[PDB]
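Quick notes on the structure that follows.
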Ligand SMILES: *[C@@H]1O[C@H](CO)[C@@H](O)[C@H](O)[C@H]1NC(C)=O
Ligand SMILES: *[C@@H]1O[C@H](CO)[C@@H](O)[C@H](O)[C@H]1NC(C)=O
């Protein structure tokens with residue numbers, strides 16, 4: 001139970017309030033691939 | 001009627017397609 005509470009607190013703390021929708025910097029490794037090779041849609 | 005979940009299949013819970021968020025979910029149930 002303490003482990004679950006700590007995980008919930010961590011993932012509530014690392015949340016952000018406001019987001020925005022690259023330039024010449026190639027960030028395809030950090031972002032989600034166009035064709036997913038994994039079973040998780042949000043994994044990078 | 002038992003239903004199949006991602007933490008093993010359960011008896012006594014109904015599936016109603018209701019979505020809650022974080023910091024309102026007591027009984028976190030796993031996954
Ligand atoms: C960014 O890097 C990936 C690495 O494989 C590459 O496939 C992709 O073409 C690169 N993007 C550009 C615009 O060169
Ligand atoms: C609940 O029912 C809907 C529609 O029958 C289904 O898509 C969904 O996967 C069910 N929930 C679970 C946890 O299986």
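As a convention, Cβ positions derive from the backbone with ideal geometry for all residues, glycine included, and neighbour counts pool all protein chains shown. Derivation of every value follows stated rules applied to the coordinates shown; laboratory data play no part.
Below is a table of values for the structure above.
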quantity: Pairs where the first residue, in the range B:2-25, is within 28 Å of residue A:6 (Cα to Cα) and more than 14 Å from chain A (Cβ to nearest Cβ) and the second is away from ligand 1 (no atom under 16 Å from the Cβ) and in a loop (DSSP other than H, G, I, E, B), C-beta under 6 Å, 6+ apart; calculated: B:9/B:2
quantity: All positions within the range A:20-44 that are more than 14 Å from every other protein chain (Cβ to nearest Cβ), under 29 Å from residue B:30 (Cβ atoms) and more than 16 Å from ligand 2 (Cβ to nearest atom); calculated: A:32, A:33, A:36, A:37, A:38, A:42, A:43, A:44
